[PDB]
């Protein structure tokens, strides 16, 4: 079902350090998207290496892993129709320098290696990333009071 589509959003160490946690949550919360999982974590290197498994072997991999463990991150799971595509459109382009005002990276970032937040690039990655960072017990399913005002009835 469309409305049960989920995406993994993660505030990176720079996002936490710069006090942007609330702001990242705000963009999703005000949109009518539903937060079904959340936690602050000081991830281990091994958990991040699997997350960035696609980048293993590249010259910047070590630097990326150490940087991503230089501070704690905030893991989130958002649910709602097309939340994967809308999610990353709300974050902006990968590069803050190509991101427009109104987006998170366009509003708050400059360097690509300090882009404060991560969003799953597809439904496939989202389902994978959700299972990597969270256990099914951490997913809190609920119904919004505003559901019928956010979504069109069948």
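Residue numbers count along the first chain shown, from 1.
K.L.:
Could you settle it for me: does 130 to 138 or 5 to 13 have the higher average Cα B factor in the PDB entry?
P.N.:
The recorded data point to 130 to 138.
K.L.:
Decide which of the stretches 46 to 54 and 109 to 117 has the higher mean C-alpha B-factor, going by the entry.
P.N.:
It is 46 to 54 that shows the higher mean C-alpha B-factor.
K.L.:
Looking at the C-alpha B-factor values in the deposited entry, which of 32, 101, 59, 96 comes out highest?
P.N.:
Within the set 32, 101, 59, 96, 59 shows the top C-alpha B-factor.
K.L.:
Ranked by Cα temperature factor within the chain, is residue 41 in the lowest third, the middle third or the highest third?
P.N.:
For residue 41, whose C-alpha B-factor we compare with every modelled residue in the chain, the answer is the highest third.
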